[PDB]
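Taking the working numbering, the leading residue of the first sequence gets 13, the next gets one more, and so forth.
By construction, the Cβ of each residue, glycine as well, lies at the ideal position given by its N, Cα and C atoms.
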Amino acid sequence: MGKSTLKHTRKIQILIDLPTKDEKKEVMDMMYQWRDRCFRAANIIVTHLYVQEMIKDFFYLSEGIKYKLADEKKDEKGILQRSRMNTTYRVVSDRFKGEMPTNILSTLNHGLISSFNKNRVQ
DNA sequence: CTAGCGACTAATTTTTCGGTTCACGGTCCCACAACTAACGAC
């Protein structure tokens with residue numbers, strides 16, 4: 013069956029449901045920290061998904077090697093030790109865990125790794 | 001419930017027309033002004 017839906021987005025205002033000011037402020041500061049960690053994360057993922065392609069290019073300029081993004085346990089020419097999205101998610105979680113939730117990391121990882129493969133041509 | 005994963009503008013000059021000056025052999029009709037001949041008063 014075809015897609016019988018069209019994606020849509022709505023803006024819902026939310027207040028923090030706490031009695032006192034200090035708890036609300038603690039939650040709001042935690043969420044601002046979440047913002048900062050998310051942006052630093054996005055930077056880390058994009059750098060870490062740039063570098064390896066240029067390592068591929070380096071090897072190809074060395075001996076025309078056909079190195080490709082795949083787990084070496086599943087590919088002879090693979091260099092990665094796991095799935096690429098897992099590599100970015102790991103290299104961001106190992107540093108930013110315990111401060112902001114990991115679902116933000118997973119969503120950001122998917123959102124950037126999906127687009128970067130399309131941007132490979134450019 | 002969370003974490004790993006798939007060149008334009010201003011200044012100066014020059015020129016045609018107008019102004020000024022000199023100044024010897026039909027008709028018919030209705031009014032209006034004369035106007036004058038006769039008539040009456042001193």
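Under 8 Å between C-beta atoms of residue i and residue j
i, j, result
"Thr100", "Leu61", "yes"
"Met112", "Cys50", "yes"
"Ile26", "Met40", "no"
"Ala53", "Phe108", "yes"
"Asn121", "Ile57", "yes"
Run of the beta strand (DSSP E) containing residue i, from where it starts to where it stops
i, result
"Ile77", "That residue, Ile77, is in no beta strand (DSSP E); it is neither H nor E in DSSP."
"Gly90", "90-92"
Rounded distance between the beta-carbons of residue j and residue i, thought under 8 Å
i, j, result
"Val103", "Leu117", "Actually they do not touch by this definition, with Cβ atoms about 10 Å apart."
Length of the line joining the Cα atoms of residue i and residue j
i, j, result
"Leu73", "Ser16", "48 Å"
"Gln64", "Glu35", "44 Å"
"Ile77", "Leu124", "27 Å"
"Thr119", "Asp69", "29 Å"
"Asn131", "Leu30", "44 Å"
"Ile67", "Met43", "36 Å"
"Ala82", "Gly90", "4 Å"
"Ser95", "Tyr79", "15 Å"
"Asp48", "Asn129", "26 Å"
Contact test: residue i Cβ vs the ligand GDP heavy atom, cutoff 7 Å
i, result
"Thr59", "The model depicted lacks the ligand GDP and carries no ligand whatsoever."
Boundaries (first-last residue) of the alpha helix (DSSP H) holding residue i
i, result
"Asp106", "96-108"
"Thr17", "Element bounds for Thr17: n/a, residue is neither H nor E."
*Is the segment 18-27 close to the segment 74-88, with three or more CB pairs under 8 Å?*
Flag = no, the segment 18-27 and the segment 74-88 do not touch.
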